[PDB]
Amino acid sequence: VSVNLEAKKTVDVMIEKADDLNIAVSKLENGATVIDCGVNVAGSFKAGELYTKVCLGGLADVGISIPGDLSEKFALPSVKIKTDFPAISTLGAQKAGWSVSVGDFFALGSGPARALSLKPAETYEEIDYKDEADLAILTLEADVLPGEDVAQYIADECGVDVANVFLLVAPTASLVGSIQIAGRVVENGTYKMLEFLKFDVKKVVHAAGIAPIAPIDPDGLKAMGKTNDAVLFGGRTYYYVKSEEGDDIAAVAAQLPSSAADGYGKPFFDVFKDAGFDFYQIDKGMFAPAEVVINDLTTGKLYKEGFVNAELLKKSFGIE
């Protein structure tokens, strides 16, 4: 299964329905396409949904719901994810694993083009996947549009013609930004499983999750904080795994939630501030869902750890 060929099905919908989605498609002088989903345009709920689905290599279903009840409790529009290709979609494609630095353009790149450039190499080793395709689709969290030199750099790294590169872009501080980041709820768990817990994510057979769409804050530092908090305080995840002899799934579940990290307990913006706006001072294990539920198909066991913390989410977003 090819993440670039599969994601191209959704890129084609985005391009055909650009006007309906409040996004803007441009062609660079070299033939690459840029799809502005939030820099100079508003984007839309559906554009955010489709952008997230392209980050996932087309190997997940993405929806926007309003979960929550007939009661006084706080509820928000939320992004739900379902995937039956959990390592490939979330780590082979969605993870923002490519540092894109060209002139004054700096952004983390996500999406299926990462599975042609193999960014980073160790992820593709561990999930035993690589793509083969003649087009490359990357999504970029950035406050400006990339130009011709960024497209050429991505083309060369992916081994494709630059006229076959497609770049989707939206700032952190946009609706599409809030949606795509909430849509990383499942990814934050599989990456913590792989990098921090040393759990083999090829064992995760199915996965789903949901996290709220953070309010959009025009300050990019504040938007980083509120969008991370959406996942960390508001996210729920469900992983269906096939354990093997010697695995300790109860420990994986207990270790996974954001609350197991050191420095947990404050809105991200405040954590990052306490840390001197420096990542060396931050436990990256904090980047994880609020709540983790794991069904081990090998034993029939169900584990539930963490919980959604509505008080900390409301603190983050500025409401009582």
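Position 1 is the first residue in the sequence shown; the rest follow in order.
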| property | result |
| --- | --- |
| Stretch with the greater mean C-alpha B-factor as recorded in the entry, comparing 277 to 285 against 28 to 36 | 277 to 285 |
| Between 141 to 149 and 192 to 200 (mean CA B-factor, as deposited), the higher | 192 to 200 |
| Residue of maximum C-alpha B factor among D217, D229, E157, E245, per deposited coordinates | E245 |
| Selection from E291, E49, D61, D262 [criterion: highest C-alpha temperature factor in the record] | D262 |
| Assigned third (lowest, middle, highest) for the C-alpha B factor of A7 | lowest |
| Cα B factor band for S71 (lowest, middle or highest third within the chain) | highest |
| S44 - Cα temperature factor, lowest/middle/highest third of chain | lowest |
| Chain-wide C-alpha B factor ranking for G57, given as lowest, middle or highest third | lowest |
| Assigned third (lowest, middle, highest) for the C-alpha B factor of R114 | lowest |
